[PDB]
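For reference, the chain that follows is the form deposited in one PDB entry, supplied as structure tokens.
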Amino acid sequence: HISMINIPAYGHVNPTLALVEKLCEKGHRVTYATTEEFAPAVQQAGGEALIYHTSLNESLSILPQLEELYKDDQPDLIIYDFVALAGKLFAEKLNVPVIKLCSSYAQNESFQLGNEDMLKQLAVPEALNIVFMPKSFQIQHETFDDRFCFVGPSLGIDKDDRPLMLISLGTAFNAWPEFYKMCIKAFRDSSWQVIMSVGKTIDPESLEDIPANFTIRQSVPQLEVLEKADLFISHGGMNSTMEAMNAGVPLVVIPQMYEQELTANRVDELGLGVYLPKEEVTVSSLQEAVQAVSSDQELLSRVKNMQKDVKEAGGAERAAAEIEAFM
């Protein structure tokens, strides 16, 4: 019986679901402490949905007591997301084995998530640490040892004869209507076919004169669109970045917060795409960026290499195999 404890967010829940499924198809009782918006997703994966009140969209550790209502169903191993500190604490109260999942960058002794910002121990890595990226993409991957398992992404339309482009700012920092308007004007009369995810904050009808080569929706099946996409204007979330590599889709990254800037720079230094800072996003800079990487055959070759790295990392299957072997 394995307990999954995670914060309420797609960027943290999505790579977990494929891991839930794999564990369920090997005969483990996967319980999962989430909220309500995520309960149907964990249960489609075959997990035990344990709805709990969060009332939050710093530490806010008023959830451990809410997830303690189940001492009768005490777990044999707790799996918690790095930001989900409740699971880390809970797992130390029962002295139960515990494993850390890294939906973003892994942190060790040489690298820590922080832009020189001091703000008042548990961040030390556990015995096993599953990171949802290949080793080659982890920052300072040479300083990481065998307690970190880089399994890569954890994953579970008619097109035409023209290049297909996907535009999405993720599921959190998507409230930026000026960007969407600039994208429409940037590729209004182009040969590109655009599929743009606008978020639940904007309404497709609101936008005026929607071009015939554009398709705007509040949400979109990213994975399905990435299998036929030729380019992906993204925001630097780890999931979207790793899903683009899995699909072999080069990137234009426009980050909205610090971590996404790390990834944006990471993508740029690996030659997997272009980092276009938010403050430089214009109609012309969007056109120049898309034109720069879409005609760069060498950059595409490096994207194909990172695709192979992503495949070989193992995915949800190798992650579940590592959890079972961890006993």
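Throughout, we count residues from 1 along the sequence that is shown. For clarity, a rigid core is taken as the largest C-alpha set superposing within 1.5 Å between two forms.
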Is there a break between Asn57 and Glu58, and how many deposited residues does it span: none, 1 to 3, 4 to 9, or 10 or more? 10 or more
Going from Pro177 to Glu178, the deposited residues skipped in the model number none
Assert higher mean C-alpha B factor (85 to 93 or 236 to 244, deposited values) equals 85 to 93
Identify the stretch, either 132 to 140 or 104 to 112, whose C-alpha atoms have the larger mean B-factor according to the entry. 104 to 112
Take the CA temperature factors straight from the PDB entry and tell me which of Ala49, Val283, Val293, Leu276 peaks. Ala49
Could you say which of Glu67, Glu288, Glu259, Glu269 has its CA atom at the highest B factor, as listed in the PDB entry? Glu67
Check where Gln121 lands among this chain's C-alpha B-factors and tell me if it's the lowest, middle or highest third. highest
Within this chain, which third does the Cα B-factor at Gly199 fall in: lowest, middle or highest? middle
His53, C-alpha B-factor rank within chain (lowest, middle or highest third): highest
Where the record places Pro153 (Cα B-factor, split into thirds across the chain): lowest
Where does the C-alpha B-factor of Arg29 rank in its chain, lowest, middle or highest third? highest
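If you look for the form deposited in another entry, you will not find it shown, but the lines that follow are about it.
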Only one of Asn108, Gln138, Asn129, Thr171 shifts its Cα by 2 Å or more between the shown form and the other one once the rigid core is superposed, namely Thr171
On a rigid core superposition, would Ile202 pass a 2 Å threshold for CA movement between the shown form and the other one? yes
Explain in one word, closer or farther, how the Cα atoms of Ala172 and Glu288 are placed in that other deposited form relative to this form, where the distance changes by 3 Å or more. closer
Given that the distance between the C-alpha atoms of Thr201 and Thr282 changes by 3 Å or more in that other deposited form, do they end up closer or farther than here? closer
